[PDB]
């Protein structure tokens, strides 16, 4: 399984800074065949970012999108628009959207289907909250989210899907899950995939860990058998930091 390290800038940056970032990084990123290097920037910057990253291994992703191809959805961006722009990845179901913008498992599922329909690789986010974790419902919660998100896909598509396990309590908190625990949950996710789509799909689908991943600990996560990469927020904002992250995928 080829590792995939994705940077989620969230709502940060200015066009100029976004371009400089890609500019300083696009050339020193590992070769595509060794690591999937992704930067998910704000909608406003995608156009120039795709332009700047053209002819390099740096891949550009969106932090979200709608499920419909077009329609009366003021403010939403469609997968058609993203594909057309040259965006290749899209983050779906990030806890931030599930918590504040009414993103549900149902809409995540619709978007996941829409992603594969429009040629975008989906990075599906799942994760338990502190309360769920403390109630020992982690596996059930994560299983349920993964099941509903992948519902309707063929095993061939699941192979290309990317699932990002991100315990909500670990996002931007400075408290990350231990590699062992994260590996266990990711192993459970892979197992859930295996029971839904077969061992072949589960052996190919890449599962990332996300939540306070830093260039000083990505290796610990990446080293785990069930963890194929990292979804990185805070530590993906600086070019130097980002480079260290993707570098660990080699």
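Positions refer to the first chain, counted from 1.
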According to the deposited model, is the average Cα temperature factor higher in 22 to 30 or in 55 to 63?
22 to 30
Mean temperature factor over C-alpha atoms, higher-scoring stretch between 11 to 19 and 229 to 237:
11 to 19
If you check the C-alpha B-factor for each of 207, 201, 185, 44 in the entry, which is highest?
201
From 95, 104, 176, 74, pick the one with the largest CA B-factor in the entry?
176
Which third, lowest, middle or highest, does the C-alpha temperature factor of residue 156 belong to within its own chain?
highest
Pull the Cα B-factor of residue 218 out of the PDB entry and bin it into the chain's lowest, middle or highest third.
highest
Assigned third (lowest, middle, highest) for the C-alpha B factor of residue 137:
highest
Ranked C-alpha temperature factor of residue 40 among modelled chain residues, by third:
lowest
Ranking the modelled residues of this chain by C-alpha B-factor as given in the entry, is residue 147 in the lowest, middle or highest third?
highest
